[PDB]
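A.B. asks:
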Amino acid sequence: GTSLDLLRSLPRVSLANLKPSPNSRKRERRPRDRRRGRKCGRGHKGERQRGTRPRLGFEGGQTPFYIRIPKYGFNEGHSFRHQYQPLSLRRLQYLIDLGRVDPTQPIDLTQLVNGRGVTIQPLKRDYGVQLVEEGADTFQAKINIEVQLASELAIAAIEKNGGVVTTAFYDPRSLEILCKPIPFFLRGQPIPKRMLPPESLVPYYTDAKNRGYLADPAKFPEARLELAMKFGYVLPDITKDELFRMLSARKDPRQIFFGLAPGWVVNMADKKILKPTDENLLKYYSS
Amino acid sequence: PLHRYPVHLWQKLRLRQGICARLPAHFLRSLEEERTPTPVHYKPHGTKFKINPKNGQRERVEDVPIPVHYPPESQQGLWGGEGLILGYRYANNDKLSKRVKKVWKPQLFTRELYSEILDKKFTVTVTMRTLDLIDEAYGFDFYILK
Amino acid sequence: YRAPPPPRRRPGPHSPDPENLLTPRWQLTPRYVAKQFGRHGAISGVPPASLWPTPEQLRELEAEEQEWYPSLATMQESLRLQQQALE
Amino acid sequence: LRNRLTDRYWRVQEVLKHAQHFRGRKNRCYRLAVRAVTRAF
Amino acid sequence: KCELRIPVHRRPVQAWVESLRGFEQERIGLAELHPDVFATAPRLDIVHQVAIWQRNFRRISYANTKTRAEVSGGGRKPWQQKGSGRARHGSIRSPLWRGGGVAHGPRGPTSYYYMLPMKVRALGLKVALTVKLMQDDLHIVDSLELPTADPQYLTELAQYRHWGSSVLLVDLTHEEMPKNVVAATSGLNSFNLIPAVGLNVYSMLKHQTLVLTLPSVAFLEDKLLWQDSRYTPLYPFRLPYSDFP
Amino acid sequence: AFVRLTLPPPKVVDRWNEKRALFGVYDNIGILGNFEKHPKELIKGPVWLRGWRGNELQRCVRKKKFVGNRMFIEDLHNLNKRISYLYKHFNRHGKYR
Amino acid sequence: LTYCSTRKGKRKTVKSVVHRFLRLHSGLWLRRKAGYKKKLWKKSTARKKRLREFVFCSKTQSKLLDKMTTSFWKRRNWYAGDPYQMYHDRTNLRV
Amino acid sequence: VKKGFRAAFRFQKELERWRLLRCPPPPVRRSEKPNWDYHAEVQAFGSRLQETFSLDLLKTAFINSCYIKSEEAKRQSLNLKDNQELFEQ
Amino acid sequence: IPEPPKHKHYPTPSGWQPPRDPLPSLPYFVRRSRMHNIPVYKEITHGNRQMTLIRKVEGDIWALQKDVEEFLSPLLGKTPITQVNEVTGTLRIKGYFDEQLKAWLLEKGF
RNA sequence: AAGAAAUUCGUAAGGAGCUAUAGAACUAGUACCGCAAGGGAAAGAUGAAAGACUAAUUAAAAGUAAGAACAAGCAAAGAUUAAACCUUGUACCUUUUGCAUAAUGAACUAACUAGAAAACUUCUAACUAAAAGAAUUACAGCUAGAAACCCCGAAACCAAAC
RNA sequence: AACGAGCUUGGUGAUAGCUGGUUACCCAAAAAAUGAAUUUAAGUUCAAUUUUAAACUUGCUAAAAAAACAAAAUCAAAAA
RNA sequence: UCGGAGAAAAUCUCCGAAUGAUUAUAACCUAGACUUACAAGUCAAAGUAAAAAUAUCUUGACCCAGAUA
Ligand SMILES: [Mg+2]
Ligand SMILES: [Mg+2]
Ligand SMILES: [Mg+2]
Ligand SMILES: [Mg+2]
Ligand SMILES: [Mg+2]
Ligand SMILES: [Mg+2]
Ligand SMILES: [Mg+2]
Ligand SMILES: [Mg+2]
Ligand SMILES: [Mg+2]
Ligand SMILES: [Mg+2]
Ligand SMILES: [Mg+2]
Ligand SMILES: [Mg+2]
Ligand SMILES: [Mg+2]
Ligand SMILES: [Mg+2]
Ligand SMILES: [Mg+2]
Ligand SMILES: [Mg+2]
Ligand SMILES: [Mg+2]
Ligand SMILES: [Mg+2]
Ligand SMILES: [Mg+2]
Ligand SMILES: [Mg+2]
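Residue numbers (the entry's author numbering), protein chains in the order written: chain M, 9 to 295; chain X, 2 to 147; chain q, 25 to 111; chain R, 10 to 50; chain F, 50 to 294; chain i, 32 to 128; chain 3, 94 to 188; chain c, 31 to 107, 117 to 128; chain g, 57 to 166.
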């Protein structure tokens with residue numbers, strides 16, 4: 009460019025020629041000159057001038073504002089409430105379009121996080137992803153996806169195209185392994201089991217209408233049909249579809265990863281998977 | 002400057018140099034090991050987990066032993082782990098009342114005890130707890146040995 | 025001049041000397057030893073079978089599991105009773 | 010004493026040269042010379 | 050040729066390949082350099098930023114002073130407050146007194162540590178490389194092999210070719226650097242030889258002319274370009290990744 | 032004021048000694064070395080402030096954490112008193128609330 | 094307020110704010126009305142209705158509460174079925 | 031002893047100023063000072079007065095008889120022409 | 057970041073479309089971000105100063121301003137206020153015009 | 001105001017410090033003060049050689065001397081042929097009140113002697129629906145840089161010695 | 001050799017809404033002492049004022065008739 | 001501390017309230033406003049619901065303890 013041609017003429021760049029970007033630094037003012045010296049910006053003698061004014065929120069001796077308001081449980085149990093990151097079909101379509109979420113294979117929270125499509129924070133009480141209806145009208149992809157929460161309209165968009173959506177619960181410990189699997193294989197521990205939902209969440213994940221992972225499989229076809237009629241689309245028979253096996257693939261309710269059983273150890277250095285043989289240890293994991 | 006080793010490691014380093022090193026290996030193990038005495042003046046938590054009533058969630062619990070002062074007079078008798086509790090109380094059992102120094106003292110008795118292995122009778126300063134421990138041990142000799 | 029060799033990190037399994045009293049305690053736990061197997065695999069020298077719970081350890085896990093994690097059948101049964109009382 | 014003012018001599022000379030024609034300690038003593046010079050100015 | 054794909058809209062930049070085997074072997078090859086490494090926009094504010102960071106994050110100042118609490122003595126009141134005609138004092142070690150504590154002095158060892166964004170520091174290596182090329186101070190060489198180990202040869206070669214008083218030489222890896230080059234440069238203050246992993250903005254501004262072997266050019270282009278089409282780190286880049294060494 | 036009557040001895044700085052010549056090398060050890068080492072690992076200094084920065088109150092507390100139990104009796108007394116001085120200033124005294 | 098803590102060197106939240114006010118991510122704060130549970134027998138029906146409502150805070154009150162709480166209380170929280178899901182953003186606001 | 035080299039250098043100038051006042055230097059011929067070219071100075075002299083001179087004659091005018099004696103004395107340890124004839128006219 | 061997969065029909069259902077080939081012949085070139093989007097960003101300062109920013113501009117940055125002023129003038133009815141930062145290579149416009157300025161660039165093939 | 005844990009991570013001789021009122025109190029816990037516990041200083045300066053006779057360098061501080069003064073006045077300014085005469089002019093800092101002929105403090109010289117932090121805002125850049133070299137924030141944001149909040153002074157209170 | 005309660009060292013750089021002090025230049029703008037709560041009136045917090053930056057459109061004076069009490073404070077179209 | 005009357009809004013001149021009895025039992029919800037440092041305090045269309053419209057006349061925060069469901 010023309011800028012580089014200017015460098016050719018100009019003298020060498022060196023440590024003696026450096027300069028910061030203009031206005032990059034403000035100048036700090038010492039209390040030395042008459043303008044900023046003398047009383048030094050503090051005012052005439054007094055409590056605020058000696059530096060001993062009362063604490064923040066003190067109002068000179070009347071009951072402060074933040075003390076005379078009734079105490080109310082807006083934030084009770086905030087640290088215990090569950091948080092589900094929202095994923096919109098617009099974001100899902102956009103990720104697929106640019107190749108960042110491969111639709112050929114099943115989509116699980118690992119793949120979504122692995123494609124920088126969602127950011128999961130188990131420390132801040134993230135327990136998964138909830139599918140968001142936004143973008144349903146323009147959603148034209150056939151995919152198999154597992155999400156901890158889903159909405160009635162969000163499910164309809166996935167299924168109408170012939171995809172599969174199932175809702176699966178991951179416990180706080182399992183989610184952290186799911187989100188960052190490799191920073192776990194490096195520890196050297198065996199893969200833990202996946203714990204069942206708490207009593208409060210059991211109804212949601214055992215219900216077909218929500219596509220629960222613990223729900224009765226025989227009851228799905230009725231649920232799929234009713235949703236199709238309500239939203240005015242024809243339910244597509246996915247058994248005929250060539251990639252039916254991939255669409256129907258589902259991990260065991262006590263399994264975190266698709267091809268890895270609980271209890272195995274992943275020797276990444278040697279590209280091996282140590283597996284136990286003991287009976288009590290195999291009964292513990294297979295339970 | 003700084004010391005090479007933390008001050009808490011100094012006693013271990015002392016046992017490991019000089020004539021202390023030449024002491025028997027088995028004897029040093031008794032010196033080295035620290036074991037908490039069986040609880041006497043506090044109720045230990047039965048479990049390692051409890052359900053918090055206020056927020057209704059499970060929270061960890063730990064046992065913190067009370068500091069107990071053992072007067073040198075106790076070393077000439079058989080107190081069953083008891084000692085002096087030097088602490089404070091709240092007057093009227095409300096924390097908005099004054100904090101008052103309080104000392105709880107063991108009830109000490111003089112009793113004569115017979116040892117079969119020694120075939121001698123000793124007169125000892127003892128607490129009711131110590132007598133109970135001997136009864137649970139099925140003999141004065143069993144109490145000392147166990 | 026010639027610059028010294030570039031800084032490099034230690035390239036293989038590290039097991040600290042237990043006798044030394046300046047070795048930090050965390051490096052001597054049964055959890056730091058596993059970390060050596062996961063990073064370096066077999067060359068660590070950790071006996072594979074030591075990566076799994078020990079008999080006494082296994083019993084603790086199951087007993088704790090029963091106390092705090094009920095089975096699916098019990099959860100549904102407990103839920104049903106609450107609904108009947110509510111009805 | 011990481012940083013100490015090293016020009017105090019010339020700062021003093023500036024005020025003094027305007028006072029050398031006064032009479033008394035005003036002509037040689039900075040604390041008194043300084044005030045006398047300003048009144049002249 | 051550049052191994053990675055150059056943007057379609059940008060044509061490549063070139064340099065003369067050189068040899069140090071002889072004085073007159075100035076042009077032995079023609080080389081192509083990725084325009085986004087050696088032809089980025091000239092940003093001298095960023096070069097200033099990186100040069101500052103390399104000089105300030107290492108700084109630890111060991112200056113210290115004692116406060117009025119840390120000066121020996123000083124506990125007692127010198128005289129009574131009243132009935133003396135003297136100024137009121139509470140200690141002989143206050144800041145006003147000779148031998149007293151320092152009111153606002155340096156306090157202990159202080160660190161100036163901070164980290165610039167990794168993309169910013171990578172950019173400063175790209176900007177610096179353009180500056181040397183566009184200002185005719187960068188000399189691409191095939192290898193650092195030299196006919197003799199006498200330091201006189203290397204200095205004379207620099208004068209014959211109109212190099213600067215100070216030359217920075219880069220080789221791919223420390224282990225394989227030729228013995229002839231080590232011997233000659235070891236005794237030279239102005240000619241410094243570093244491995245390709247030691248190249249930085251501060252040393253490219255201290256040394257007038259930069260000498261890069263061809264393998265180091267490919268080495269540098271790969272690392273710096275990788276920064277432009279990368280995700281944010283899920284976890285530190287020393288942990289296993291799908292496609293990262 | 033009073034001034035030197037003779038010029039001080041000339042000060043000579045050799046700019047191409049090994050330390051000055053090779054200053055700044057291995058500062059991109061991370062980006063140019065596959066991130067095996069962070070540059071902050073190349074800092075040499077007090078144990079409690081390698082790759083770290085803080086205000087004086089923060090620096091006092093961190094030194095105590097790292098070497099507090101290996102400090103001399105007189106120094107630990109002074110360090111502890113400095114913490115309490117700085118705590119009361121930063122949390123109770125100043126123009127801004 | 095604690096500006097620099099002895100252990101962690103950070104600011105500290107004033108837990109009297111956390112137990113009285115709700116902060117919407119946009120920047121607003123909700124509160125109750127003082128006295129809404131007091132002497133209801135002698136209060137008019139219209140007065141009681143005013144008391145039961147959730148009310149907003151002024152600019153200076155919000156500025157104070159922002160000073161008294163840390164950043165963790167200002168993050169965006171994705172609660173399933175949140176009853177304040179729609180009140181965390183402002184719409185049609187030109188000002 | 032305060033740090034720095036600059037304050038000492040400034041005061042050296044003051045010491046020079048005082049010495050000249052107390053022991054004033056003997057005046058010296060401007061030629062012996064630097065920044066002097068005789069040929070150029072002569073031409074400037076003529077041009078200063080807005081007059082045209084024959085440089086050879088002007089150079090002779092400045093020459094004095096006493097000067098010649100001194101040069102011969104030093105030479106002893117080109118006769119040239121004195122200003123005499125020009126002086127009389 | 058993976059290179060976007062080839063699609064049979066453009067625009068893609070999301071709306072994304074790759075830069076056209078052959079390249080535009082204009083004096084200036086606008087590059088795509090690492091996520092393969094047109095680098096137009098809405099920005100706000102002081103809570104009321106709305107701006108739109110075009111980044112990664114190569115070539116004659118001044119030529120791009122002239123085109124933007126002509127493009128946006130009919131909508132506004134007056135010449136738009138802009139700042140050209142030649143060092144960074146970005147053009148800053150007062151007000152929100154990201155949507156119109158993203159479609160505009162797509163047609164030019166940037 | 002205080003403040004965890006479960007859990008995860010972790011393999012390493014130097015100085016943009018002081019240079020004799022500074023840096024240790026330190027030439028010394030000495031001299032000296034105190035019955036005792038205890039408190040606690042000040043300072044030195046030749047040269048290669050003193051078996052060369054112990055040097056030099058500097059209108060340079062206040063203070064004096066060389067050289068007392070000469071109607072009239074905040075001591076100067078405008079001037080002037082002329083130092084003074086003539087003309088104009090209610091010392092300074094703080095403080096009262098935004099005024100003093102109030103009132104506080106200042107014998108003079110040299111040295112020393114008092115604004116310090118990043119929650120929000122603003123400015124400069126990197127990348128951008130993502131930013132950050134793990135843990136964080138995000139409905140144009142995120143990261144980094146820059147930008148900030150004094151000194152001296154009681155009567156008291158408590159613990160342990162004497 | 002200063003006893004309504006000794007002295008010394010430490011806590012301790014005690015605290016002081018009180019007294020004093022708070023070190024170069026230049027350009028610019030600029031209030032108050034109205035109101036309110038306060039063991040609060042030698043202090044502080046809020047309003048109000050002032051100020052800096054930003055966004056975009058009406059502001060100041062004057063203002064008829066006509067109104068609210070009445071022979072100028074509110075209010076106040078067009079104008080200038 | 002608050003309310004009523006005069007001076008007439010700065011301090012002065014006077015009376016009362018820390019309720020009282022009557023009762024139709026007087027709901028929920030929601031535009032726009034008054035008043036106001038904050039806090040507290042006023043008025044209210046539309047919609048719905050009860051009934052077959054109406055409440056008439058003249059005051060103390062937070063915390064912390066309770067009571068019943
Ligand atoms: Mg998040
Ligand atoms: Mg002390
Ligand atoms: Mg004392
Ligand atoms: Mg004191
Ligand atoms: Mg000192
Ligand atoms: Mg000293
Ligand atoms: Mg001393
Ligand atoms: Mg003199
Ligand atoms: Mg006179
Ligand atoms: Mg008086
Ligand atoms: Mg400052
Ligand atoms: Mg007191
Ligand atoms: Mg004080
Ligand atoms: Mg006061
Ligand atoms: Mg007024
Ligand atoms: Mg009131
Ligand atoms: Mg009160
Ligand atoms: Mg008008
Ligand atoms: Mg209000
Ligand atoms: Mg109505």
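Note that beta-carbon positions come from the ideal geometry of N, C-alpha and C, so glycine has one too.
Within 10 angstroms of its Cβ, does residue 46 (chain i) collect 16 or more other Cβ (buried), or is it exposed?
C.D. replies: The residue in question, residue 46 (chain i), is exposed, as its Cβ has fewer than 16 Cβ neighbours within 10 Å.
A.B. asks: Determine, using beta-carbon pairs with one atom in the segment 30-43 of chain q and one in the segment 234-244 of chain M, whether at least three such pairs fall under 8 Å.
C.D. replies: Flag = no, the segment 30-43 of chain q and the segment 234-244 of chain M do not touch.
A.B. asks: Of all the CB atoms in chain F, is at least one closer than 8 Å to the CB of residue 42 (chain q)?
C.D. replies: It does not: the Cβ of residue 42 (chain q) has no partner Cβ on chain F nearer than 8 Å.
A.B. asks: Is residue 139 (chain F) near ligand 4, going by C-beta to nearest heavy atom under 7 Å?
C.D. replies: For ligand 4, at least one heavy atom lies less than 7 Å from the Cβ of residue 139 (chain F).
A.B. asks: For a contact meaning CB atoms closer than 8 Å, what does residue 18 (chain R) contact in chain i?
C.D. replies: Result: 32, 33, 34.
A.B. asks: I'd like to know if the segment 157-165 of chain M and the segment 109-118 of chain M are in contact, where contact means that at least 3 CB-CB pairs between them fall below 8 Å.
C.D. replies: With the cut-off at 8 Å, the segment 157-165 of chain M and the segment 109-118 of chain M do not touch.
A.B. asks: Taking the alpha carbon of residue 118 (chain g) as the point to measure from, which residue in 94 (chain g), 133 (chain g), 145 (chain g) has its own alpha carbon closest?
C.D. replies: Nearest option by C-alpha distance: 145 (chain g).
A.B. asks: In chain R, which residues lie with their C-beta within 9 Å of the C-beta of residue 32 (chain c)?
C.D. replies: Within 9 Å Cβ-Cβ: 10, 13, 14, 15.
A.B. asks: Apart from the five residues on each side of it in sequence, which residues of its chain come closer than 6 Å, Cβ to Cβ, to residue 44 (chain c)?
C.D. replies: So no residue of the chain qualifies.
A.B. asks: Quick one: what does DSSP say residue 98 (chain F) is sitting in, helix, strand or coil?
C.D. replies: DSSP places residue 98 (chain F) in helix when its eight states are reduced to three.
A.B. asks: State the CB to CB distance for the pair residue 273 (chain F) and residue 174 (chain F), rounded to an integer number of angstroms; the pair is presumed to be in contact (CB under 8 Å).
C.D. replies: Yes, residue 273 (chain F) and residue 174 (chain F) are in contact; Cβ-Cβ is about 6 Å, under 8 Å.
A.B. asks: Report the neighbours of residue 103 (chain F) on chain i: residues whose CB is nearer than 7 Å to its CB, in chain order.
C.D. replies: What residue 103 (chain F) touches in chain i: 55, 58.
A.B. asks: Compare the Cα-Cα distances from residue 64 (chain X) to each of 75 (chain X), 92 (chain X), 91 (chain X), 51 (chain X) and report the closest residue.
C.D. replies: Considering only alpha carbons, the answer is 51 (chain X).
A.B. asks: Compare the C-beta of residue 255 (chain F) against all C-beta atoms of chain M and say whether one is closer than 8 Å.
C.D. replies: Judged by the 8 Å Cβ criterion, residue 255 (chain F) is in contact with chain M.
A.B. asks: In terms of DSSP beta bridges, what is residue 91 (chain X) paired with?
C.D. replies: Beta-bridge pairing links residue 91 (chain X) to 100 (chain X).
A.B. asks: Please list the partners that residue 100 (chain i) has in chain X, where partner means a Cβ-to-Cβ separation under 8 Å.
C.D. replies: Those within 8 Å of residue 100 (chain i) in chain X are 7, 8, 9.
A.B. asks: Relative to the C-alpha of residue 141 (chain F), which candidate in 87 (chain F), 124 (chain F), 151 (chain F), 155 (chain F) has its C-alpha closest?
C.D. replies: Taking only the C-alpha atoms, the option nearest residue 141 (chain F) is 124 (chain F).
A.B. asks: Skipping 5 residues on each side, what residues in its chain have a beta carbon closer than 7 Å to that of residue 274 (chain M)?
C.D. replies: Contacts found: 193, 281.
A.B. asks: Out of 206 (chain F), 85 (chain F), 106 (chain F), which has the shortest C-alpha to C-alpha gap to residue 76 (chain i)?
C.D. replies: Among 206 (chain F), 85 (chain F), 106 (chain F), the Cα nearest to that of residue 76 (chain i) is on 106 (chain F).
A.B. asks: Quick one: residues in its chain with C-beta nearer than 8 Å to the C-beta of residue 228 (chain M), no 5 flanking neighbours on either side, listed in chain order?
C.D. replies: Excluding sequence neighbours, residue 228 (chain M) sits near 216, 219.
A.B. asks: Hey, would you say residue 177 (chain F) sits closer than 8 Å to residue 246 (chain F), going by beta carbons?
C.D. replies: In this structure, residue 246 (chain F) does not lie closer than 8 Å to residue 177 (chain F) by Cβ.
A.B. asks: For a cutoff of 8 Å on Cβ pairs, would you count residue 48 (chain q) as touching chain i?
C.D. replies: Not an interface residue.
A.B. asks: Give the DSSP bridge partners of residue 96 (chain M), in chain order.
C.D. replies: Answer is 140 (chain M), bridged to residue 96 (chain M).
A.B. asks: For residue 279 (chain F), which of 293 (chain F), 92 (chain F), 77 (chain F) has the nearest alpha-carbon?
C.D. replies: Answer by Cα proximity: 293 (chain F).
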